[PDB]
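Here's the structure we're looking at; comments come further down.
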Amino acid sequence: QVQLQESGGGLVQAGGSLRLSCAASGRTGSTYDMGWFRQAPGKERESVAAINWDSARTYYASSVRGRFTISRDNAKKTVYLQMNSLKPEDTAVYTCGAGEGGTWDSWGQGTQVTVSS
């Protein structure tokens with residue numbers, strides 16, 4: 001019943017900030033949240049940044065916590081993350097997801113990010 005789409009995601013040479021806008025629509029008003037994720041071949045899935053739904057803060061990871069920005073639309077239900085000062089390590093499939101009851105079993109279509117240096 002719920003889904004997650006992205007926009008803007010794509011190739012971006014190192015040093016170039018990328019702005020992603022993920023939108024969520026369906027049914028959720030308990031303890032759900034919205035955060036971006038990533039994944040590589042032969043590897044597992046990891047997260048990047050996620051926001052809670054109440055009044056606390058965001059949830060960044062020690063992989064880009066200091067260079068990547070995160071914000072919301074504050075109109076309907078959309079999240080935006082500005083991946084600045086990118087690096088050749090960020091190059092991966094950025095999949096937008098959501099959580100419920102404290103877990104994260106919601107994902108979108110995904111957006112591959114290609115960097116270099």
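Chain labels follow the order of the structure tokens: the first chain is A, the next B, and so on; residue numbering restarts at 1 in every chain, and ligands are counted from 1 in their shown order.
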
Pick out the residues sitting within 8 Å of segment 39-44 of chain A, and hand them over as a PyMOL selection string; count only C-alpha atoms, and ignore anything fewer than 6 positions along from it in its own chain.
chain A and resi 92-95

Resulting file, chosen residues, N, CA and C atoms, as a CSV table (one decimal), in the first residue's frame:
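Output saved as result.csv:
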chain,number,residue,atom,x,y,z
A,92,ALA,N,27.1,4.3,-5.4
A,92,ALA,CA,26.3,3.1,-5.1
A,92,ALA,C,24.8,3.3,-5.4
A,93,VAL,N,24.0,2.2,-5.2
A,93,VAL,CA,22.6,2.3,-5.4
A,93,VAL,C,21.8,3.0,-4.2
A,94,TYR,N,21.5,4.2,-4.4
A,94,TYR,CA,20.8,4.9,-3.3
A,94,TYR,C,19.3,4.7,-3.3
A,95,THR,N,18.9,3.8,-2.4
A,95,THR,CA,17.5,3.4,-2.3
A,95,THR,C,16.8,4.1,-1.2

So that I can check the surroundings of segment 4-10 of chain A, please list as a VMD selection string every protein, DNA and RNA residue that reaches within 12 Å of it, counting only C-alpha atoms and ignoring chain neighbours fewer than 4 positions away.
chain A and resid 16 to 26 33 to 37 77 to 83 90 to 99 105 to 115

Store the residues of this selection in a file with C-alpha atoms, as a PDB file, in the first residue's frame.
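Heads up, here's the output in result.pdb:
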ATOM      1  CA  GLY A  16      29.559  18.103  -7.057  1.00  0.00           C
ATOM      2  CA  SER A  17      26.639  18.288  -4.642  1.00  0.00           C
ATOM      3  CA  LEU A  18      23.610  16.213  -5.614  1.00  0.00           C
ATOM      4  CA  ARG A  19      20.054  16.937  -4.475  1.00  0.00           C
ATOM      5  CA  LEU A  20      17.637  14.030  -4.061  1.00  0.00           C
ATOM      6  CA  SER A  21      13.913  14.389  -3.398  1.00  0.00           C
ATOM      7  CA  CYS A  22      12.150  11.250  -2.179  1.00  0.00           C
ATOM      8  CA  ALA A  23       8.374  11.240  -1.761  1.00  0.00           C
ATOM      9  CA  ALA A  24       6.187   8.902   0.290  1.00  0.00           C
ATOM     10  CA  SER A  25       2.435   8.326   0.036  1.00  0.00           C
ATOM     11  CA  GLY A  26       0.157   5.600   1.358  1.00  0.00           C
ATOM     12  CA  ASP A  33      10.149   7.576   9.285  1.00  0.00           C
ATOM     13  CA  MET A  34      11.970   8.309   6.025  1.00  0.00           C
ATOM     14  CA  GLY A  35      15.619   7.721   5.205  1.00  0.00           C
ATOM     15  CA  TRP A  36      17.923   7.037   2.281  1.00  0.00           C
ATOM     16  CA  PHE A  37      19.919   3.850   1.928  1.00  0.00           C
ATOM     17  CA  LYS A  77       5.312  14.328   2.975  1.00  0.00           C
ATOM     18  CA  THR A  78       8.588  14.572   1.054  1.00  0.00           C
ATOM     19  CA  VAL A  79      12.243  14.302   2.045  1.00  0.00           C
ATOM     20  CA  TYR A  80      15.279  15.898   0.415  1.00  0.00           C
ATOM     21  CA  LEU A  81      18.949  15.067   0.925  1.00  0.00           C
ATOM     22  CA  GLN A  82      21.765  17.176  -0.502  1.00  0.00           C
ATOM     23  CA  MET A  83      24.777  14.911  -1.002  1.00  0.00           C
ATOM     24  CA  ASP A  90      29.438   7.025  -2.168  1.00  0.00           C
ATOM     25  CA  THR A  91      29.090   5.553  -5.662  1.00  0.00           C
ATOM     26  CA  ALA A  92      26.267   3.063  -5.092  1.00  0.00           C
ATOM     27  CA  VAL A  93      22.555   2.333  -5.442  1.00  0.00           C
ATOM     28  CA  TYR A  94      20.810   4.941  -3.302  1.00  0.00           C
ATOM     29  CA  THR A  95      17.472   3.407  -2.339  1.00  0.00           C
ATOM     30  CA  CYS A  96      14.930   5.490  -0.432  1.00  0.00           C
ATOM     31  CA  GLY A  97      13.054   3.722   2.341  1.00  0.00           C
ATOM     32  CA  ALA A  98      10.804   4.152   5.359  1.00  0.00           C
ATOM     33  CA  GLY A  99      10.259   2.560   8.744  1.00  0.00           C
ATOM     34  CA  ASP A 105      10.801  -2.627   5.834  1.00  0.00           C
ATOM     35  CA  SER A 106       9.896   0.075   3.308  1.00  0.00           C
ATOM     36  CA  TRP A 107      11.889   0.775   0.143  1.00  0.00           C
ATOM     37  CA  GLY A 108      11.532   2.671  -3.119  1.00  0.00           C
ATOM     38  CA  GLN A 109      12.789   2.187  -6.669  1.00  0.00           C
ATOM     39  CA  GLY A 110      16.392   3.177  -6.033  1.00  0.00           C
ATOM     40  CA  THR A 111      18.827   5.597  -7.652  1.00  0.00           C
ATOM     41  CA  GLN A 112      22.404   4.739  -8.583  1.00  0.00           C
ATOM     42  CA  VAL A 113      24.989   7.429  -7.874  1.00  0.00           C
ATOM     43  CA  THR A 114      28.161   7.519  -9.972  1.00  0.00           C
ATOM     44  CA  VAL A 115      31.147   9.523  -8.729  1.00  0.00           C
TER      45      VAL A 115
END

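Restricting the calculation to only C-alpha atoms, the smallest distance between residue 117 of chain A and any of A:27, A:89, A:46, A:66 is found for A:89.
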
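Proximity to residue 64 of chain A was assessed for A:86, A:76, A:11, A:51 counting only C-alpha atoms; the smallest distance is recorded for A:86.
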
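Residue nearest residue 32 of chain A, chosen from A:61, A:12, A:70, A:50 and counting only C-alpha atoms: A:50.
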
Of A:31, A:1, A:62, A:116, the one sitting nearest residue 87 of chain A when using only C-alpha atoms is A:116

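Note that the spacing between atom CA of residue 100 of chain A and atom CA of residue 56 of chain A amounts to 16.0 Å.
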
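For the atom pair formed by atom CA of residue 101 of chain A and atom CA of residue 2 of chain A, the distance is 14.9 Å, given to one decimal.
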
What lies within 6 Å of residue 60 of chain A using only C-alpha atoms, ignoring chain neighbours under 5 positions off, as number ranges by chain?
A: 48-49, 65

Please produce an output containing N, CA, C and O atoms for each residue in the selection, written as a PDB file, in the first residue's frame.
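Output (result.pdb):
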ATOM      1  N   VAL A  48      21.916   5.611   5.149  1.00  0.00           N
ATOM      2  CA  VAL A  48      22.648   6.871   5.099  1.00  0.00           C
ATOM      3  C   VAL A  48      22.053   7.901   6.053  1.00  0.00           C
ATOM      4  O   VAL A  48      22.686   8.287   7.036  1.00  0.00           O
ATOM      5  N   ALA A  49      20.837   8.347   5.756  1.00  0.00           N
ATOM      6  CA  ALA A  49      20.167   9.339   6.590  1.00  0.00           C
ATOM      7  C   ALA A  49      18.666   9.088   6.651  1.00  0.00           C
ATOM      8  O   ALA A  49      18.036   8.798   5.636  1.00  0.00           O
ATOM      9  N   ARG A  65      28.206  11.484   7.547  1.00  0.00           N
ATOM     10  CA  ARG A  65      27.621  12.354   8.537  1.00  0.00           C
ATOM     11  C   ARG A  65      28.486  13.582   8.751  1.00  0.00           C
ATOM     12  O   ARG A  65      29.340  13.629   9.636  1.00  0.00           O
TER      13      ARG A  65
END

Expressed in Å to a single decimal, how great is the separation between atom CA of residue 38 of chain A and atom CA of residue 102 of chain A?
19.1 Å

May I have all residues of chain A that DSSP, computed from the backbone, assigns to strand (DSSP E), given as a ChimeraX atom specification?
/A:3-5,18-25,33-39,45-52,58-60,68-72,78-83,92-94,96-100,103-107,111-113
